[PDB]
2 protein chains.
Amino acid sequence: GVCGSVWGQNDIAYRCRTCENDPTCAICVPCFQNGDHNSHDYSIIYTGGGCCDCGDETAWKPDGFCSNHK
Amino acid sequence: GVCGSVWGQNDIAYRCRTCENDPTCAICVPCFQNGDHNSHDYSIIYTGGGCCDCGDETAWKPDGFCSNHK
Ligand SMILES: [Zn+2]
Ligand SMILES: [Zn+2]
Ligand SMILES: [Zn+2]
Ligand SMILES: [Zn+2]
Ligand SMILES: [Zn+2]
Ligand SMILES: [Zn+2]
């Protein structure tokens, strides 16, 4: 299932335009590192805060899920 | 900041088409009840799981935030 780690106003996370369902979706750094995005169009971003969409297939492509949320 | 409560495969949450940035965004039930959506086009939904977007203005309209995440 879904990770939902929360980052805050100034914390970084990962946007991955290849896996994302929508430009608003992001995942935490550990999820990103524990997955395979090797040729994806990803970027470090500062949203003003959010909760990790890893494990949520409406928001993110399953092959973009980390090991711990398959 | 952002709530990020996680619901699971069969758990309910709230979609609110008036506050939502995108059809993929949802918030947990307590956030929804602790906010004002009185004439909004909202529905109970079963995503297969997600994390609550309440408190995240890229995902959800601030006037749609609950008391505890303003
Ligand atoms: Zn995560
Ligand atoms: Zn993950
Ligand atoms: Zn990716
Ligand atoms: Zn919530
Ligand atoms: Zn809330
Ligand atoms: Zn609403």
# chains A, B, ... in the order shown; residues from 1 in each chain; ligands from 1
>>> select_by_dssp(residues="chain B", states="alpha helix (DSSP H)", output="PyMOL selection string")
chain B and resi 29-33
>>> residues_around(residues="segment 43-56 of chain B", least_positions_apart="2", cutoff="9 Å", atoms="only C-alpha atoms", output="JSON list (two decimals) with N, CA, C and O atoms, in the first residue's frame")
[["chain", "number", "residue", "atom", "x", "y", "z"],
["A", 1, "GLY", "N", 0.78, -1.23, 0.00],
["A", 1, "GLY", "CA", 0.00, 0.00, 0.00],
["A", 1, "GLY", "C", 0.82, 1.29, 0.00],
["A", 1, "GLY", "O", 2.01, 1.26, -0.30],
["A", 2, "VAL", "N", 0.17, 2.40, 0.40],
["A", 2, "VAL", "CA", 0.63, 3.76, 0.15],
["A", 2, "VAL", "C", 1.52, 4.25, 1.28],
["A", 2, "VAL", "O", 1.25, 4.02, 2.46],
["A", 3, "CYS", "N", 2.56, 5.02, 0.91],
["A", 3, "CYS", "CA", 3.59, 5.44, 1.87],
["A", 3, "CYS", "C", 3.11, 6.60, 2.75],
["A", 3, "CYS", "O", 3.04, 6.48, 3.98],
["A", 4, "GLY", "N", 2.80, 7.74, 2.14],
["A", 4, "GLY", "CA", 2.25, 8.90, 2.82],
["A", 4, "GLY", "C", 3.20, 9.64, 3.76],
["A", 4, "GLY", "O", 2.72, 10.47, 4.55],
["A", 5, "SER", "N", 4.51, 9.37, 3.72],
["A", 5, "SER", "CA", 5.44, 10.20, 4.48],
["A", 5, "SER", "C", 5.20, 11.66, 4.10],
["A", 5, "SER", "O", 4.91, 11.98, 2.95],
["A", 47, "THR", "N", 7.86, 21.26, -3.20],
["A", 47, "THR", "CA", 6.48, 21.64, -2.92],
["A", 47, "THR", "C", 6.48, 22.29, -1.55],
["A", 47, "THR", "O", 7.48, 22.24, -0.81],
["A", 48, "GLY", "N", 5.38, 22.91, -1.18],
["A", 48, "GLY", "CA", 5.33, 23.49, 0.15],
["A", 48, "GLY", "C", 4.96, 22.44, 1.18],
["A", 48, "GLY", "O", 4.52, 22.77, 2.29],
["A", 49, "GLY", "N", 5.14, 21.17, 0.83],
["A", 49, "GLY", "CA", 4.65, 20.09, 1.66],
["A", 49, "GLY", "C", 3.71, 19.18, 0.91],
["A", 49, "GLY", "O", 2.98, 19.60, 0.01],
["A", 50, "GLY", "N", 3.74, 17.89, 1.25],
["A", 50, "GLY", "CA", 2.87, 16.92, 0.63],
["A", 50, "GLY", "C", 3.07, 15.59, 1.32],
["A", 50, "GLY", "O", 3.83, 15.48, 2.29],
["A", 51, "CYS", "N", 2.37, 14.58, 0.83],
["A", 51, "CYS", "CA", 2.46, 13.22, 1.35],
["A", 51, "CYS", "C", 2.77, 12.31, 0.16],
["A", 51, "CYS", "O", 2.18, 12.47, -0.92],
["A", 52, "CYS", "N", 3.66, 11.35, 0.38],
["A", 52, "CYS", "CA", 4.23, 10.50, -0.66],
["A", 52, "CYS", "C", 3.18, 9.61, -1.35],
["A", 52, "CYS", "O", 2.48, 8.83, -0.70],
["A", 53, "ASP", "N", 3.11, 9.73, -2.68],
["A", 53, "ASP", "CA", 2.15, 8.97, -3.46],
["A", 53, "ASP", "C", 2.64, 7.58, -3.83],
["A", 53, "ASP", "O", 1.99, 6.91, -4.64],
["A", 54, "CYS", "N", 3.79, 7.16, -3.35],
["A", 54, "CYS", "CA", 4.30, 5.84, -3.68],
["A", 54, "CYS", "C", 3.36, 4.78, -3.12],
["A", 54, "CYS", "O", 2.98, 4.83, -1.94],
["A", 55, "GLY", "N", 2.99, 3.80, -3.94],
["A", 55, "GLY", "CA", 2.05, 2.76, -3.55],
["A", 55, "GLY", "C", 0.61, 3.03, -3.95],
["A", 55, "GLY", "O", -0.26, 2.19, -3.69],
["A", 56, "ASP", "N", 0.35, 4.17, -4.58],
["A", 56, "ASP", "CA", -0.99, 4.61, -4.97],
["A", 56, "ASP", "C", -1.03, 4.62, -6.49],
["A", 56, "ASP", "O", -0.44, 5.51, -7.11],
["A", 57, "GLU", "N", -1.72, 3.65, -7.08],
["A", 57, "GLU", "CA", -1.63, 3.50, -8.53],
["A", 57, "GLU", "C", -2.49, 4.51, -9.26],
["A", 57, "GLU", "O", -2.25, 4.77, -10.44],
["A", 58, "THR", "N", -3.49, 5.09, -8.60],
["A", 58, "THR", "CA", -4.19, 6.19, -9.25],
["A", 58, "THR", "C", -3.25, 7.39, -9.43],
["A", 58, "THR", "O", -3.43, 8.17, -10.37],
["A", 59, "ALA", "N", -2.23, 7.52, -8.58],
["A", 59, "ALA", "CA", -1.35, 8.69, -8.63],
["A", 59, "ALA", "C", -0.02, 8.41, -9.29],
["A", 59, "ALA", "O", 0.64, 9.36, -9.74],
["B", 1, "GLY", "N", 0.52, 22.39, 8.01],
["B", 1, "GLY", "CA", 0.99, 21.52, 6.94],
["B", 1, "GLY", "C", 0.08, 20.34, 6.62],
["B", 1, "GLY", "O", -1.09, 20.34, 7.00],
["B", 2, "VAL", "N", 0.65, 19.32, 5.95],
["B", 2, "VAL", "CA", -0.09, 18.28, 5.24],
["B", 2, "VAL", "C", -0.39, 17.10, 6.15],
["B", 2, "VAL", "O", 0.46, 16.68, 6.94],
["B", 3, "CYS", "N", -1.59, 16.52, 5.98],
["B", 3, "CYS", "CA", -2.08, 15.47, 6.88],
["B", 3, "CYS", "C", -1.43, 14.12, 6.59],
["B", 3, "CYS", "O", -0.75, 13.54, 7.45],
["B", 4, "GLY", "N", -1.64, 13.58, 5.39],
["B", 4, "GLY", "CA", -1.02, 12.34, 4.92],
["B", 4, "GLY", "C", -1.51, 11.07, 5.60],
["B", 4, "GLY", "O", -0.85, 10.03, 5.44],
["B", 5, "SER", "N", -2.61, 11.09, 6.37],
["B", 5, "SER", "CA", -3.17, 9.84, 6.85],
["B", 5, "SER", "C", -3.39, 8.91, 5.67],
["B", 5, "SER", "O", -3.75, 9.34, 4.57],
["B", 6, "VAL", "N", -3.11, 7.63, 5.89],
["B", 6, "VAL", "CA", -3.13, 6.63, 4.83],
["B", 6, "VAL", "C", -4.36, 5.79, 5.04],
["B", 6, "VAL", "O", -4.62, 5.34, 6.15],
["B", 7, "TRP", "N", -5.13, 5.59, 3.98],
["B", 7, "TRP", "CA", -6.18, 4.58, 3.99],
["B", 7, "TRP", "C", -5.77, 3.46, 3.05],
["B", 7, "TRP", "O", -4.84, 3.60, 2.24],
["B", 8, "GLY", "N", -6.45, 2.32, 3.18],
["B", 8, "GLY", "CA", -6.06, 1.11, 2.46],
["B", 8, "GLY", "C", -7.05, 0.64, 1.43],
["B", 8, "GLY", "O", -8.03, 1.34, 1.14],
["B", 9, "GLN", "N", -6.83, -0.58, 0.90],
["B", 9, "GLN", "CA", -7.46, -1.02, -0.35],
["B", 9, "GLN", "C", -8.96, -0.81, -0.31],
["B", 9, "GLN", "O", -9.58, -0.38, -1.29],
["B", 10, "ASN", "N", -9.56, -1.06, 0.84],
["B", 10, "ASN", "CA", -11.00, -1.06, 0.98],
["B", 10, "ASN", "C", -11.50, 0.06, 1.87],
["B", 10, "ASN", "O", -12.68, 0.08, 2.21],
["B", 11, "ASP", "N", -10.65, 1.01, 2.23],
["B", 11, "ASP", "CA", -11.09, 2.07, 3.12],
["B", 11, "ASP", "C", -11.65, 3.23, 2.31],
["B", 11, "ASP", "O", -11.24, 3.49, 1.17],
["B", 12, "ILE", "N", -12.58, 3.94, 2.91],
["B", 12, "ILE", "CA", -13.23, 5.05, 2.26],
["B", 12, "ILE", "C", -12.41, 6.30, 2.51],
["B", 12, "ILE", "O", -11.59, 6.37, 3.43],
["B", 13, "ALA", "N", -12.65, 7.31, 1.69],
["B", 13, "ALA", "CA", -12.19, 8.66, 1.95],
["B", 13, "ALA", "C", -13.15, 9.58, 1.21],
["B", 13, "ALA", "O", -14.20, 9.14, 0.69],
["B", 14, "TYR", "N", -12.79, 10.86, 1.12],
["B", 14, "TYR", "CA", -13.64, 11.86, 0.50],
["B", 14, "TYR", "C", -12.98, 12.46, -0.73],
["B", 14, "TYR", "O", -11.81, 12.88, -0.67],
["B", 15, "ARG", "N", -13.71, 12.47, -1.83],
["B", 15, "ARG", "CA", -13.38, 13.29, -2.99],
["B", 15, "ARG", "C", -14.24, 14.54, -2.95],
["B", 15, "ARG", "O", -15.43, 14.47, -2.66],
["B", 16, "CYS", "N", -13.64, 15.70, -3.20],
["B", 16, "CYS", "CA", -14.44, 16.92, -3.27],
["B", 16, "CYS", "C", -14.08, 17.67, -4.53],
["B", 16, "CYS", "O", -13.01, 18.28, -4.61],
["B", 17, "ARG", "N", -14.98, 17.63, -5.51],
["B", 17, "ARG", "CA", -14.67, 18.16, -6.83],
["B", 17, "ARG", "C", -14.57, 19.67, -6.83],
["B", 17, "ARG", "O", -13.94, 20.22, -7.73],
["B", 24, "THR", "N", -7.58, 13.05, -8.83],
["B", 24, "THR", "CA", -6.87, 12.05, -8.05],
["B", 24, "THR", "C", -6.75, 12.40, -6.56],
["B", 24, "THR", "O", -6.38, 11.53, -5.76],
["B", 25, "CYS", "N", -7.08, 13.63, -6.16],
["B", 25, "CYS", "CA", -6.85, 14.09, -4.80],
["B", 25, "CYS", "C", -8.03, 13.70, -3.92],
["B", 25, "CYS", "O", -9.20, 13.74, -4.33],
["B", 26, "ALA", "N", -7.71, 13.33, -2.68],
["B", 26, "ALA", "CA", -8.74, 12.96, -1.72],
["B", 26, "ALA", "C", -8.24, 13.32, -0.34],
["B", 26, "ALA", "O", -7.04, 13.44, -0.13],
["B", 27, "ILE", "N", -9.16, 13.47, 0.62],
["B", 27, "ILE", "CA", -8.75, 13.62, 2.01],
["B", 27, "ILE", "C", -9.47, 12.60, 2.91],
["B", 27, "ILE", "O", -10.57, 12.12, 2.59],
["B", 28, "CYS", "N", -8.84, 12.31, 4.05],
["B", 28, "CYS", "CA", -9.41, 11.38, 5.02],
["B", 28, "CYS", "C", -10.73, 11.92, 5.53],
["B", 28, "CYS", "O", -11.13, 13.05, 5.24],
["B", 29, "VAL", "N", -11.42, 11.09, 6.30],
["B", 29, "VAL", "CA", -12.78, 11.43, 6.72],
["B", 29, "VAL", "C", -12.68, 12.50, 7.80],
["B", 29, "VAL", "O", -13.46, 13.46, 7.77],
["B", 31, "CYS", "N", -10.43, 14.85, 8.38],
["B", 31, "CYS", "CA", -10.17, 16.15, 7.76],
["B", 31, "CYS", "C", -11.47, 16.69, 7.14],
["B", 31, "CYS", "O", -11.89, 17.81, 7.47],
["B", 32, "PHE", "N", -12.18, 15.87, 6.34],
["B", 32, "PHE", "CA", -13.41, 16.32, 5.66],
["B", 32, "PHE", "C", -14.45, 16.83, 6.65],
["B", 32, "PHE", "O", -15.13, 17.84, 6.40],
["B", 41, "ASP", "N", -19.42, 19.70, -4.45],
["B", 41, "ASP", "CA", -19.75, 18.45, -5.13],
["B", 41, "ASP", "C", -18.81, 17.36, -4.65],
["B", 41, "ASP", "O", -17.86, 16.97, -5.33],
["B", 58, "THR", "N", -1.01, 22.79, -3.38],
["B", 58, "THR", "CA", -0.90, 22.37, -4.77],
["B", 58, "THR", "C", -1.98, 21.35, -5.11],
["B", 58, "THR", "O", -2.41, 21.27, -6.26],
["B", 59, "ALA", "N", -2.47, 20.60, -4.12],
["B", 59, "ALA", "CA", -3.44, 19.54, -4.38],
["B", 59, "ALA", "C", -4.87, 19.91, -4.02],
["B", 59, "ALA", "O", -5.80, 19.29, -4.54],
["B", 60, "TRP", "N", -5.06, 20.93, -3.19],
["B", 60, "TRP", "CA", -6.35, 21.15, -2.58],
["B", 60, "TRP", "C", -6.48, 22.61, -2.23],
["B", 60, "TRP", "O", -5.52, 23.24, -1.79],
["B", 61, "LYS", "N", -7.69, 23.12, -2.37],
["B", 61, "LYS", "CA", -7.94, 24.54, -2.12],
["B", 61, "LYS", "C", -7.87, 24.83, -0.62],
["B", 61, "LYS", "O", -8.56, 24.16, 0.17],
["B", 62, "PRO", "N", -7.08, 25.82, -0.20],
["B", 62, "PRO", "CA", -7.03, 26.18, 1.23],
["B", 62, "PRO", "C", -8.37, 26.36, 1.92],
["B", 62, "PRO", "O", -8.51, 25.98, 3.09],
["B", 64, "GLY", "N", -10.61, 24.58, 1.66],
["B", 64, "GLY", "CA", -11.07, 23.20, 1.80],
["B", 64, "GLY", "C", -10.25, 22.47, 2.82],
["B", 64, "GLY", "O", -10.41, 21.31, 2.94],
["B", 65, "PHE", "N", -9.34, 23.16, 3.48],
["B", 65, "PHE", "CA", -8.54, 22.58, 4.55],
["B", 65, "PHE", "C", -9.35, 22.48, 5.84],
["B", 65, "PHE", "O", -10.20, 23.31, 6.13],
["B", 66, "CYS", "N", -9.04, 21.46, 6.64],
["B", 66, "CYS", "CA", -9.68, 21.30, 7.93],
["B", 66, "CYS", "C", -9.04, 22.24, 8.95],
["B", 66, "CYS", "O", -8.00, 22.85, 8.72],
["B", 68, "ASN", "N", -7.42, 21.72, 11.58],
["B", 68, "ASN", "CA", -6.09, 21.33, 12.06],
["B", 68, "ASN", "C", -4.99, 21.45, 11.01],
["B", 68, "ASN", "O", -3.84, 21.14, 11.33],
["B", 69, "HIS", "N", -5.29, 21.86, 9.79],
["B", 69, "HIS", "CA", -4.23, 22.06, 8.82],
["B", 69, "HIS", "C", -4.45, 23.35, 8.06],
["B", 69, "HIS", "O", -4.33, 23.41, 6.84],
["B", 70, "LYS", "N", -4.79, 24.42, 8.78],
["B", 70, "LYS", "CA", -4.73, 25.76, 8.22],
["B", 70, "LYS", "C", -3.38, 26.37, 8.54],
["B", 70, "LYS", "O", -2.41, 25.64, 8.76]]
>>> atom_distance(atom1="atom 1 (Zn, counted along the ligand's line) of ligand 6", atom2="atom CA of residue 30 of chain B")
13.5 Å
>>> calpha_fit_and_write(fixed="chain B", moving="chain A", output="short mmCIF file (atom, residue, chain, number, x, y, z; two decimals) with C-alpha atoms, in the first residue's frame")
data_model
loop_
_atom_site.label_atom_id
_atom_site.label_comp_id
_atom_site.auth_asym_id
_atom_site.auth_seq_id
_atom_site.Cartn_x
_atom_site.Cartn_y
_atom_site.Cartn_z
CA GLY A 1 0.99 21.52 6.94
CA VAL A 2 -0.09 18.28 5.24
CA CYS A 3 -2.08 15.47 6.88
CA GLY A 4 -1.02 12.34 4.92
CA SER A 5 -3.17 9.84 6.85
CA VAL A 6 -3.13 6.63 4.83
CA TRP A 7 -6.18 4.58 3.99
CA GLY A 8 -6.06 1.11 2.46
CA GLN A 9 -7.46 -1.02 -0.35
CA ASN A 10 -11.00 -1.06 0.98
CA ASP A 11 -11.09 2.07 3.12
CA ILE A 12 -13.23 5.05 2.26
CA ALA A 13 -12.19 8.66 1.95
CA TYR A 14 -13.64 11.86 0.50
CA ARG A 15 -13.38 13.29 -2.99
CA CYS A 16 -14.44 16.92 -3.27
CA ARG A 17 -14.67 18.16 -6.83
CA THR A 18 -15.01 21.79 -5.70
CA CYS A 19 -11.78 21.88 -3.65
CA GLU A 20 -9.73 19.37 -5.59
CA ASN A 21 -6.90 20.36 -7.85
CA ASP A 22 -7.18 17.12 -9.80
CA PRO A 23 -9.55 14.11 -9.82
CA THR A 24 -6.87 12.05 -8.05
CA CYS A 25 -6.85 14.09 -4.80
CA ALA A 26 -8.74 12.96 -1.72
CA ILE A 27 -8.75 13.62 2.01
CA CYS A 28 -9.41 11.38 5.02
CA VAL A 29 -12.78 11.43 6.72
CA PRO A 30 -11.73 13.39 9.84
CA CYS A 31 -10.17 16.15 7.76
CA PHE A 32 -13.41 16.32 5.66
CA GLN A 33 -15.62 16.48 8.75
CA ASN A 34 -13.44 19.16 10.34
CA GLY A 35 -13.89 21.38 7.27
CA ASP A 36 -16.65 23.23 5.41
CA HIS A 37 -17.83 21.69 2.12
CA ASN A 38 -21.52 22.37 2.59
CA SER A 39 -22.47 23.07 -1.03
CA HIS A 40 -19.53 21.31 -2.66
CA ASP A 41 -19.75 18.45 -5.13
CA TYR A 42 -18.24 15.81 -2.84
CA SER A 43 -18.51 12.01 -2.70
CA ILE A 44 -17.40 9.12 -0.55
CA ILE A 45 -14.94 7.07 -2.62
CA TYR A 46 -12.87 3.88 -2.42
CA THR A 47 -9.52 4.55 -4.03
CA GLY A 48 -7.34 1.51 -3.56
CA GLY A 49 -5.47 3.52 -0.97
CA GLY A 50 -3.92 6.97 -0.74
CA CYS A 51 -2.63 9.63 1.62
CA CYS A 52 -4.67 12.68 2.65
CA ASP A 53 -3.99 15.83 0.62
CA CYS A 54 -5.44 18.15 3.28
CA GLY A 55 -2.94 20.94 4.00
CA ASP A 56 -1.32 20.73 0.54
CA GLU A 57 -2.31 23.73 -1.54
CA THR A 58 -0.90 22.37 -4.77
CA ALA A 59 -3.44 19.54 -4.38
CA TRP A 60 -6.35 21.15 -2.58
CA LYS A 61 -7.94 24.54 -2.12
CA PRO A 62 -7.03 26.18 1.23
CA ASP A 63 -10.65 27.03 2.01
CA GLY A 64 -11.07 23.20 1.80
CA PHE A 65 -8.54 22.58 4.55
CA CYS A 66 -9.68 21.30 7.93
CA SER A 67 -9.25 23.27 11.15
CA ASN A 68 -6.09 21.33 12.06
CA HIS A 69 -4.23 22.06 8.82
CA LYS A 70 -4.73 25.76 8.22
#
>>> select_by_dssp(residues="chain B", states="strand (DSSP E)", output="list in words")
residues 6, 7, 13, 14, 15, 16, 42, 43, 44, 45, 50 and 51 of chain B
